[PDB]
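Asker: Pasting in a structure now, in structure tokens, and then I'll have a few things to ask.
The values are calculated or read from the model by the stated rules, or taken from the named source; no laboratory read-out is quoted. So basically every Cβ, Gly included, is an ideal-geometry build from the backbone, and we count neighbours across all protein chains shown.
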Amino acid sequence: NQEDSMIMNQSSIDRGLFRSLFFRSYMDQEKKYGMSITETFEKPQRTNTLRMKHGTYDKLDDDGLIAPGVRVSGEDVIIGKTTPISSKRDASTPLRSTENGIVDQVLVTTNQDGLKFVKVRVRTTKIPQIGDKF
Amino acid sequence: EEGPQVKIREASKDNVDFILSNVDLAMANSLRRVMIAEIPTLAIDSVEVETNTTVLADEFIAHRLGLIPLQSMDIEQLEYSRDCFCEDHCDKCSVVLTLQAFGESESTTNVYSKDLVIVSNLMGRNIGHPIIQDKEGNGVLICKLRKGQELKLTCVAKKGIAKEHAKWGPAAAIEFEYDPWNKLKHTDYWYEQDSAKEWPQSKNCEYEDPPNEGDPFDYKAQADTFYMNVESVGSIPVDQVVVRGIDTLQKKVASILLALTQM
Amino acid sequence: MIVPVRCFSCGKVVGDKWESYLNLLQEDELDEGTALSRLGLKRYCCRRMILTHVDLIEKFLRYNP
Amino acid sequence: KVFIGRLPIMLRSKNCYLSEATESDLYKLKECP
Amino acid sequence: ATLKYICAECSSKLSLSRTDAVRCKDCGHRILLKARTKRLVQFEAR
Ligand SMILES: [Zn+2]
Ligand SMILES: [Zn+2]
Ligand SMILES: [Zn+2]
């Protein structure tokens, strides 16, 4: 506890002492080229272009998304977007490398243009650590 | 009769107010230490979600569920899950529970520990039955459900101690006190003007006797007279928090002689 | 955000005693002081648990799904 | 007669919906009171 | 059973093909959530 620091009762943290939560959102759209060429929202796999990310696509369903409630890991795909060029480049968006957690809400709407908007949430239980600020 | 002896002052269902004399300061402390953690307890560990909707998240509700005290009587007849040979959990090491609630009522629907169901067969040992301190018979308020808030679960109850996590805490806060009349000089009493004139003389002080100034400093004095109040969770009935405590304090000693002989 | 199952410093099952504290004042017209003690709140650790907590859960229940 | 520019509106303001809407209407509008 | 998508407001099951109108089939609203990942989620009690 010297030069400003402090000791903590873990057998108390265990009950709910300074137990918290933290929720992160993710954004992406079904971006249009004009000539009715749109990025595809699904689960891409190699074939023609193979310009893809390295994470786990395997967790996502076939609407190019994980349904909320699944345990996300680290660098695994959360957003499945395929880039058509003149096939399967790819512009999929994965989990932030640092983070971990569970999917909270998988929101999908239409923008002012009507482009398949995605809003995924990453629900983590931040617990008192050996060097957290208080 | 024998060595260090007991003086039960008050007896109840969650408090054993007694006095311990002839014991070493250390022997008194080493049990107060043992009672807080190293006593086997059954409390949920692997909480499995089927469908959730509550205002609390998947792992939110899951944390509180392990904190629910369950009957821990014949816990020394069901081994630690780990020590069994099954695929994770079975009757030998675990007694599984479930909880299937839904916000039916137009009003709020309070999930209580009474709503829990012992699915995995108990095989004939008092265990997995929550501690209901409620008048209404409810016991341990889990959450609140409004509309179609459905909480479909699968809660596994394994063995464990508070050294692992306090949810297996067999006790709450054990009271510890000795040498009320400080004739052992165990404390440099703080005062602006006068010591006892500013410091309140303890309850447990009506059991030792006045110092009397016409006496020297008790240089030959040593500490006994251990005034303790044992606050039980109710998971283990009061007496066993003490008994299965003393017993498990001996086991760790007997383990050392055992280790000395393989050596 | 709802009753903590058990106190932090001690570990006494505070969980159930919420639905019993709410009425103890609403109904019995009592003060918080004797109402906390009427449940069995001796030491301040358990006292601060029931007293200085807010059941935010109800404000969240006031929504749709 | 003729429209000119889409001007953002302040939350709980003049032409804003929130301002008038009650606690119940808020817990219904899925907006925090 | 068979609920790929869900509405936030009225709360009504949907499911639509890749480009088959992001619209709840009662209230105009384009909103919607993606429902439960049926698969059982085991946890910790700590
Ligand atoms: Zn087993
Ligand atoms: Zn306490
Ligand atoms: Zn709708």
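Asker: Could you identify the single residue in E:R46, E:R18, E:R39 that is under 30 Å from A:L17 (Cβ atoms), part of a loop (DSSP other than H, G, I, E, B) and more than 10 Å from ligand 3 (Cβ to nearest atom)?
Answerer: Going through E:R46, E:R18, E:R39 in turn, just one is under 30 Å from A:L17 (Cβ atoms), part of a loop (DSSP other than H, G, I, E, B) and more than 10 Å from ligand 3 (Cβ to nearest atom): E:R46.
Asker: Next question. Does B:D45 fit the bill of being away from chain E (no Cβ under 14 Å), more than 16 Å from ligand 2 (Cβ to nearest atom) and acidic (D, E)?
Answerer: no
Asker: Could I ask something else about it? Within the stretch B:133-155, track down each residue that is surrounded by 22 or more Cβ atoms within 10 Å (Cβ to Cβ) and more than 10 Å from chain C (Cβ to nearest Cβ).
Answerer: Within the stretch B:133-155, B:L151, B:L153, B:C155 meet the criteria.
Asker: Now for a different question. Mind checking whether some residue in the stretch C:50-63 is closer than 21 Å to B:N15 by Cβ and either touching a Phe, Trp or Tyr at 6+ places or on another chain (Cβ under 7 Å) or more than 16 Å from ligand 3 (Cβ to nearest atom) (or both)?
Answerer: Yes; the residues of the stretch C:50-63 include at least one that is closer than 21 Å to B:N15 by Cβ and either touching a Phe, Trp or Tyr at 6+ places or on another chain (Cβ under 7 Å) or more than 16 Å from ligand 3 (Cβ to nearest atom) (or both).
Asker: Across the stretch B:44-96, what is the number of residues that are assigned to a loop (DSSP other than H, G, I, E, B), crowded, with 21+ Cβ neighbours inside 10 Å and within 16 Å of ligand 1 (Cβ to nearest atom)?
Answerer: Residues flagged as assigned to a loop (DSSP other than H, G, I, E, B), crowded, with 21+ Cβ neighbours inside 10 Å and within 16 Å of ligand 1 (Cβ to nearest atom) within the stretch B:44-96 amount to 3.
Asker: Ok, one more. Among the residues of the stretch C:1-59, how many are surrounded by fewer than 17 Cβ atoms within 10 Å (Cβ to Cβ), away from ligand 2 (no atom under 16 Å from the Cβ) and more than 26 Å from B:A57 (Cβ to Cβ)?
Answerer: Adding up the residues that qualify gives 12.
Asker: Residues being touching a strand residue (DSSP E or B) at 6+ places or on another chain (Cβ under 9 Å) and part of a loop (DSSP other than H, G, I, E, B): count how many of those fall in the stretch B:23-36.
Answerer: Looking only at that region, the number is 1.
Asker: Give the stretch A:89-106 a look and list any residue that's touching a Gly at 6+ places or on another chain (Cβ under 9 Å), over 14 Å from E:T37 (Cβ atoms) and not basic (K, R), or say none.
Answerer: Listed by number, the residues that qualify are A:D90, A:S92, A:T93, A:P94, A:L95, A:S97, A:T98, A:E99, A:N100.
Asker: I'd like to check something: does the stretch B:8-17 contain any residue that is surrounded by fewer than 18 Cβ atoms within 10 Å (Cβ to Cβ), outside the structural domain of B:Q240 (by CATH) and acidic (D, E)?
Answerer: no
Asker: Also: Identify, by number, the condition in (1) of a type outside the set (A, V, I, L, M, F, W, C); (2) within 11 Å of the chain's Cα centre (by Cα); (3) closer than 22 Å to A:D58 by Cβ that E:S12 doesn't meet.
Answerer: Single failed check for E:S12: (3).
Asker: Being polar (S, T, N, Q) and surrounded by fewer than 15 Cβ atoms within 10 Å (Cβ to Cβ) is the filter; apply it to the stretch B:102-132 and report the residue that is nearest to B:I75 (Cα to Cα).
Answerer: Checked the stretch B:102-132; the qualifying residue nearest to B:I75 (Cα to Cα) is B:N126.
Asker: Can you confirm whether the stretch B:238-261 contains a residue that is part of a loop (DSSP other than H, G, I, E, B) and either in the same structural domain as B:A162 (by CATH) or of a type in the set (G, A, S) (or both)?
Answerer: The answer is no, given that none of the residues of the stretch B:238-261 is part of a loop (DSSP other than H, G, I, E, B) and either in the same structural domain as B:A162 (by CATH) or of a type in the set (G, A, S) (or both).
Asker: Select from the stretch E:16-46 the residues that are small (G, A, S) and at the interface with another protein chain (Cβ under 9 Å from one of its Cβ atoms) and list them in ascending order.
Answerer: Within the stretch E:16-46, E:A21, E:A35, E:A45 qualify.
Asker: Which ones in the stretch E:21-36 are in a loop (DSSP other than H, G, I, E, B) and hydrophobic (A, V, I, L, M, F, W, C)?
Answerer: E:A21, E:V22, E:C24, E:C27, E:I31, E:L32, E:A35
Asker: Across the stretch A:1-60, what is the total count of residues that are small (G, A, S) and either on the phi > 0 side of the Ramachandran plot or in contact with a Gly (Cβ under 7 Å, 6 or more places away or on another chain) (or both)?
Answerer: 3
Asker: Oh, and also: Answer yes or no as to whether C:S9 is within 25 Å of B:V55 (Cβ to Cβ), within 12 Å of chain B (Cβ to nearest Cβ) and small (G, A, S).
Answerer: no
Asker: Here is a follow-up. Filtering the stretch A:62-118 down to residues that are facing chain E (nearest Cβ under 8 Å), in a loop (DSSP other than H, G, I, E, B) and charged (D, E, K, R), which residue is nearest to A:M35 (Cα to Cα)?
Answerer: Result: A:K116.
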